[PDB]
């Protein structure tokens, strides 16, 4: 059974733990967490969550170097520097890197220095880091990869259906805009930030900001290299986001044919990854959905027979986290 370590017990770190906790017969086993905030803080923020609600499990605090969840305990380490982490001592097989600071080979490699065997970054990698999106190119994964990236939340929402669109209609070019819930990277009130837009009060504005999803899609789907670009619009919601993709395709089509193409994948190769919703819902209704992307069938439009517009919802926190568990499961099941 794969011994897992969670580096950075934040939104994704905690969502990951709770997603894993819900899996039946998991090949993973979370033995340690690195929360630079304290054992008591880890147990408290794990039990009480403003987004997921109160954790339906017995969350207690063990000694002062570990917490308890439904009985099974998990040690709690604390060190802003990976090289010191007791990964080697504990024999950590995989480190879930969710700090948002160690994304390049050197930064993430430190976990390896500490004694870890593998590292899975819960974000896009930097400079030669194999990226994988479950349902798109996960089959290209090999146990030889010591450092891997699960891409971004937007990329995991877009890639699945872009793959279907390209395969069935052939994308020529396109553009995307994601109306995204605010995240920890933004500021509560106008404050310093390298990105002068993200520096503005998050709950008060619609804030345009760059996104890497467009180019990231090209990584997991080589055929899209240089065909897409896009932006993000952060808005006053705490979780759940939506992507608006517009593409010109080679084969003429219409809205209902596109929707059917999505349903076919949803019922087959993309079951559990892509879903198609025919009800008139809103963002709050997609909270805690396990899929990576949900097409709002009713909003699909086709202009001039070859300009397709698709609207897809995604729980950037929970949905993405389920994909982290899936990739971790792959790393385990394909362990040699």
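Numbering follows the first chain given and starts at 1.
Asks: Going by the mean C-alpha B-factor recorded in the entry, which is higher: 79-87 or 97-105?
Replies: Result of the comparison: 79-87.
Asks: Between 122-130 and 246-254, which has the higher average C-alpha B-factor in the PDB entry?
Replies: The stretch with the larger mean CA B-factor is 122-130.
Asks: Looking at the C-alpha B-factor values in the deposited entry, which of 301, 46, 30, 284 comes out highest?
Replies: Result of the comparison over 301, 46, 30, 284: 30.
Asks: With respect to the C-alpha temperature factors reported in the PDB entry, which of 279, 70, 267, 290 ranks highest?
Replies: When the deposited C-alpha B-factors of 279, 70, 267, 290 are compared, 70 is largest.
Asks: For residue 223, does the deposited CA B-factor place it in the lowest, middle or highest third of the chain?
Replies: According to the entry, residue 223 has a C-alpha B-factor in the chain's middle third.
Asks: With respect to C-alpha B-factor, does residue 309 fall in the lowest, middle or highest third of the chain as deposited?
Replies: Lowest third - that is where residue 309 ends up once the chain's C-alpha B-factors are sorted.
Asks: Check where residue 158 lands among this chain's C-alpha B-factors and tell me if it's the lowest, middle or highest third.
Replies: For residue 158, whose C-alpha B-factor we compare with every modelled residue in the chain, the answer is the middle third.
Asks: In terms of the CA temperature factor given in the entry, to which third of its chain does residue 149 belong: lowest, middle or highest?
Replies: For residue 149, whose C-alpha B-factor we compare with every modelled residue in the chain, the answer is the middle third.
Asks: How does the C-alpha B factor of residue 25 compare with the rest of the chain: lowest, middle or highest third?
Replies: As the PDB entry reports it, the C-alpha B-factor of residue 25 lands in the highest third of its chain.
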